[PDB]
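Numbers here simply count residues along the sequence, with the first being 1.
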Amino acid sequence: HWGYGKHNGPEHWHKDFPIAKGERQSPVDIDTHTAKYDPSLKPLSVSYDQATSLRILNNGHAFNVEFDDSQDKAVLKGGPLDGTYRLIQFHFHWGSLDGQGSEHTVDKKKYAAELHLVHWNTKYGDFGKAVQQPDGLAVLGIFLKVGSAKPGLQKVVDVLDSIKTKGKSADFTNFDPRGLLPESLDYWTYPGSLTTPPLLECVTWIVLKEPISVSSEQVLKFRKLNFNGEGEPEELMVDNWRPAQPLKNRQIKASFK
Ligand SMILES: CCC(=O)Nc1nnc(S(N)(=O)=O)s1
Ligand SMILES: [Zn+2]
């Protein structure tokens with residue numbers, strides 16, 4: 001089964017998921033000098049006030065904070081998007097060291113981690129149908145650098161001990177994802193894919209320019225999670241990031257001058 005190891009990592013995924021070599025794969029390097037400002041791009045509308053988190057899950061590749069997506073409670077609109085995209089979950093990708101961990105890179109710079117807030121286009125009814133459509137998902141990507149702690153992340157950090165191993169979940173209600181955003185909503189946007197198998201080419205990527213700061217202690221706690229299940233030899237959940245893929249026939253657009 002696929003993962004991030006020597007023998008099942010990103011360079012192997014194409015054998016089971018041939019779209020791994022497709023025309024709109026993610027992540028990509030964001031060449032900031034080649035991205036074109038698009039004055040027609042609109043401000044992102046992030047409406048998370050009524051978000052309903054439910055549960056946090058170690059799935060053996062990351063941890064997901066899941067939300068009730070049965071109503072328009074936490075929605076992303078505007079920007080490059082047409083219509084309404086409902087938040088279903090967020091998760092992160094991180095490194096074994098502070099110098100790597102992000103999936104997208106910025107002028108080849110790797111951040112310590114990257115947060116993905118995953119939304120599906122409500123015109124397709126459910127996430128499973130949305131992933132079959134070129135405009136099915138909108139993923140909001142937020143870079144993490146190591147410095148001052150992010151107070152809004154701490155509630156996530158402190159539950160990780162209870163979901164150390166693959167398959168473990170914990171009740172995780174009343175989490176406000178607004179506490180994970182940076183001050184600015186300036187962004188780059190491009191058409192891409194899921195960055196994990198099945199790598200479906202269904203994502204409008206919206207990657208925020210301003211990283212959030214998290215503390216070394218916060219990210220160290222990410223690195224104490226396990227890829228393995230309970231009762232298996234410990235494999236630290238680190239370096240669960242896919243590297244940058246060829247941009248091919250795509251333009252990255254910037255919301256800001
Ligand atoms: C609801 C299920 C889900 O969100 N699956 C995803 N698989 N890869 C994602 S990524 N790293 O592109 O945001 S999201
Ligand atoms: Zn992700």
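Outside the 6.0 Å centre-distance limit, the rings of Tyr111 and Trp94 are not counted as a close aromatic pair.
For the pair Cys202 and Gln133, the minimum side-chain heavy-atom distance is 4.5 Å or more. For the pair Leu247 and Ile252, the minimum side-chain heavy-atom distance is below 4.5 Å. Looking at heavy atoms from C-beta onward, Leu81 lies in side-chain contact with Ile206 at the 4.5 angstrom threshold. A 4.5 Å side-chain heavy-atom check between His14 and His12 finds every atom pair outside the cut-off. Contact check for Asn226 versus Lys164: side-chain heavy atoms found under the 4.5 Å cut-off. Using a 4.5 Å cut-off on side-chain heavy atoms (C-beta onward), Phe175 and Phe90 make contact. Residues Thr189 and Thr204 are in side-chain contact: their nearest non-hydrogen atoms beyond the backbone lie under 4.5 Å apart. Two residues are said to be in side-chain contact when any heavy atoms from C-beta on lie closer than 4.5 Å; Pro134 and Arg24 meet this criterion.
Residue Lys248 qualifies as enclosed at atom NZ: its count of foreign heavy atoms under 6.0 Å is above 12. In the displayed structure, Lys150 atom NZ is contacted under 6.0 Å by more than 12 heavy atoms of other residues, nucleotides or ligands. Atom CD of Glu234 has more than 12 heavy atoms from other residues, nucleotides or ligands within 6.0 Å. Heavy atoms of other residues, nucleotides or ligands lying less than 6.0 angstrom from CG of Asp126 number more than 12. Annotation: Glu232, atom CD; neighbour count of heavy atoms from other residues, nucleotides and ligands within 6.0 Å is above 12. Annotation for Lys155: atom NZ does not count as buried by contact number, only 12 or fewer foreign heavy atoms lying within 6.0 Å. The number of heavy-atom neighbours closer than 6.0 Å to CG of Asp107, taken from other residues, nucleotides and ligands shown, is above 12. Around the NE2 atom of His7, the shell of radius 6.0 Å holds no more than 12 heavy atoms that belong to other residues, nucleotides or ligands.
With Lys221 as the partner, the side chain to side chain contact (heavy atoms under 4.5 Å, CB included) test is satisfied by one option alone out of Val156, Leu153, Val214, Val157: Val157.
Of all heavy-atom pairs between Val75 and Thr84, the closest is CG1-CG2, 3.7 Å. Looking at every heavy atom in both residues, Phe227 comes nearest to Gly60 through CD2-O, 3.1 Å. The heavy-atom pair separating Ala130 from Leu137 by the smallest distance is CB-CD2, 4.1 Å. In this structure, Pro182 and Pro211 approach most closely via the heavy-atom pair CB-O, 4.1 Å. What you find for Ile163 and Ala170 is that their closest heavy atoms are CG2-N, 3.7 Å. Between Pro246 and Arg250 the shortest heavy-atom distance is O-NH2, 2.8 Å.
In this structure, the side chain of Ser162 engages the main chain of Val159 through a donor-acceptor pair within 3.5 Å. Not a single donor-acceptor pair under 3.5 Å links the side chain of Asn64 to the backbone N or O of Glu66. Panel note: side chain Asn228, backbone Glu235; a donor-acceptor pair is recorded below 3.5 Å. Under a 3.5 Å cut-off, the side chain of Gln218 and the backbone N or O of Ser215 do form a donor-acceptor pair. Not a single donor-acceptor pair under 3.5 Å links the side chain of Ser193 to the backbone N or O of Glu201. Although no hydrogens or angles enter the test, the distance criterion places no donor-acceptor pair under 3.5 Å between the side chain of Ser47 and the main chain of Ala74.
Salt bridge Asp98/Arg223: present, at least one basic N to carboxylate O contact under 4.0 Å. Under 4.0 Å is where a charged nitrogen must lie from a carboxylate oxygen, and between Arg86 and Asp72 at least one such pair does. A salt bridge is absent between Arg242 and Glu103; no separation between the charged side-chain nitrogens and carboxylate oxygens falls under 4.0 Å. Ion pair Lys209/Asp186 flagged as a salt bridge, since at least one NZ, NE, NH1 or NH2 atom sits closer than 4.0 Å to an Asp/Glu carboxylate oxygen.
Separating the NE2 atom in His1 from the CG atom in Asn8 is a distance of 8.0 Å, to the nearest 0.5 Å. The CD1 atom of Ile142 sits 13.5 Å away from atom OG of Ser102, with the distance rounded to the nearest 0.5 Å. Interatomic distance, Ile56 CD1 to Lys168 NZ, rounded to the nearest 0.5 Å: 13.5 Å. Between the CD1 atom of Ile212 and the OG atom of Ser148 there is a distance of 11.0 Å, given to the nearest 0.5 Å. Taken to the nearest 0.5 Å, the OG atom of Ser45 stands 13.5 Å off from the OH atom of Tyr85. Distance CG/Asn59 to NZ/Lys166: 8.5 Å, rounded to 0.5 Å.
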Begin from the C-alpha positions of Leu44 and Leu140 and carry the test side chain to side chain contact (heavy atoms under 4.5 Å, CB included) through to its verdict.
CA-CA 10 Å; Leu44 265 190; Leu140 184 56; 3.8 Å; yes

Walk me through it: do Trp188 and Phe256 pass the test ring pair (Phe, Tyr, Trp, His ring centres under 6.0 Å)?
CA-CA 8 Å; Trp188 296 285; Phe256 57 91; 5.6 Å; yes

Pair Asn249, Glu23 - check side chain to side chain contact (heavy atoms under 4.5 Å, CB included), show working.
CA-CA 7 Å; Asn249 182 225; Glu23 296 303 303; 5.5 Å; no

Apply side chain to side chain contact (heavy atoms under 4.5 Å, CB included) to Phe143 and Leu208, showing your working.
CA-CA 7 Å; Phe143 294 119; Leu208 294 195; over 6 Å; no

Evaluate the criterion side chain to side chain contact (heavy atoms under 4.5 Å, CB included) for residue pair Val238 and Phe222; output intermediate values, then yes/no.
CA-CA 8 Å; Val238 297; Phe222 283 18; over 6 Å; no

Check the pair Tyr187 / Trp205 against ring pair (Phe, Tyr, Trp, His ring centres under 6.0 Å), numbers first and verdict last.
CA-CA 10 Å; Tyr187 62 86; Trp205 275 97; over 10 Å; no

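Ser213 and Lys145 form a side-chain donor-acceptor contact under 3.5 Å, judged by distance and modelled atom types alone. Inspection of the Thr52 and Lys73 side chains reveals an N or O donor paired with an N or O acceptor under 3.5 Å. Side chains of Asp69 and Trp120: a donor-acceptor N/O pair is present below 3.5 angstrom, by distance only. Side-chain atoms of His93 and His116 form a donor-acceptor pair, as typed in the model, at a separation below 3.5 Å. Side chains of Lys110 and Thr105: no donor on one and acceptor on the other come within 3.5 Å. Side chains of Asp239 and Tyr4: a donor-acceptor N/O pair is absent below 3.5 angstrom, by distance only.
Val118 and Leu54 are not part of a single hydrophobic cluster, where members link through side-chain heavy atoms under 4.5 Å apart. Linking ILVMFWY residues whenever their side-chain heavy atoms come closer than 4.5 Å, directly or via other members, leaves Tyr124 and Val131 in distinct clusters.
The aromatic rings of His119 and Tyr48 sit parallel, their planes meeting at an angle under 30°, below the 60° perpendicular limit.
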